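S.K.: Structure of the sequence below:
(chains A, B and C, ligands or ions: 2)
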Amino acid sequence: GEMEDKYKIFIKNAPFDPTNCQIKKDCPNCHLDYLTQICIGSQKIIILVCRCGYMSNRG
Amino acid sequence: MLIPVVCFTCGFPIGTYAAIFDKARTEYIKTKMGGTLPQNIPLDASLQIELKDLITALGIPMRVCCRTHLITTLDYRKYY
Amino acid sequence: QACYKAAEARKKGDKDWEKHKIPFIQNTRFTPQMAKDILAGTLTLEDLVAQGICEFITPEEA
Ligand SMILES: [Zn+2]
Ligand SMILES: [Zn+2]
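M.R.: Numbers count the residues shown, from 1 in each chain, chains lettered A, B, ... in the order given. Ligands and ions are numbered 1, 2, ... in the order given. For reference, the structure is listed below:
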């Protein structure tokens, strides 16, 4: 399975990589205007992450 | 290595005015820039000065070919 | 910081929380005067690097 140990480091770094795509969406935790979106794997799972530590799908 | 004696395309004798044209163009471009170093004058900026009326004053007609060859020909004395 | 302060007004109960936000701005520091100085010979690449207007990038860092 993915999203757990295959890309744990990348997913934890995704908010800080400046070459990652952003999305104009408010953050529930820190109330930030923008979020970081990623799309990993052949199932194209969409994960939204934040600098404060927020992450979609109960991260 | 010089401006041709005649126009390559039609044969009009553009070369009887070549020396006058070269010197007069030098003076005219210097007047338009206003006394600047030859290297501080960009090659691009001096080529945008219109030489229509200077060529007209030489007596050369309004032919596309003659003005092309009088304006664009490279001089070997300025490269060696 | 303006986003955080707008949120601080928003949660506490201010109905004008969104007026604290500022617009985002991104730009380069290269100016038309620098281009003019380059064409005049008074400005160089190693002088543009010296004040951090440009930098060198290899395919690794790209
Ligand atoms: Zn957040
Ligand atoms: Zn001709």
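
S.K.: So which bits of chain A are right by ligand 1?
M.R.: Within reach of ligand 1 by Cβ under 5 Å from the ion, chain A has these residues: A:27, A:29, A:30, A:32, A:50, A:52, A:54. For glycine as for every other residue, the C-beta is placed from the backbone atoms N, C-alpha and C.

S.K.: Now, these that are in strands?
M.R.: Using DSSP state E, the subset of the residues of chain A next to ligand 1 located in strands is empty.

S.K.: List the buried residues in the longest strand along chain A.
M.R.: Among all segments of chain A classified by DSSP E, the strand with the greatest residue count is strand A:34-40. Judged by neighbour count using 16 or more other Cβ atoms under 10 Å in any protein chain shown, the buried positions of strand A:34-40 are A:35, A:36, A:37, A:38, A:40.

S.K.: do stretch B:6-18 as well
M.R.: The neighbour-count criterion (16+ other Cβ under 10 Å) identifies B:7, B:12, B:14, B:15, B:17, B:18 as the buried residues of stretch B:6-18.

S.K.: Tell me the spacing between the one residue sitting closest to the centre of chain B and chain C.
M.R.: Of all residues in chain B, the one closest to the mean position by Cα atoms, centre = their mean is residue B:71, 4.2 Å from it. The gap separating residue B:71 from chain C is 23 Å, by Cβ to the nearest Cβ, to the nearest Å.

S.K.: tell me the secondary structure for that residue?
M.R.: When the structure is reduced to helix, strand and coil (DSSP: H, G, I helix; E, B strand; the rest coil), residue B:71 reads as helix.

S.K.: Which strands or helices does the host helix or strand of residue A:11 pack on?
M.R.: For residue A:11, the enclosing helix or strand under DSSP states H and E is helix A:8-13. Judged by 3 or more Cβ pairs under 8 Å, 6 or more residues apart in numbering or on different chains; DSSP states H and E, helix A:8-13 is in contact with strand A:34-40.

S.K.: Can the strand it packs on be said to contact chain C?
M.R.: No. Strand A:34-40 lies apart from chain C when judged by Cβ under 8 Å from any Cβ of the partner chain; the minimum separation is 8.9 Å.
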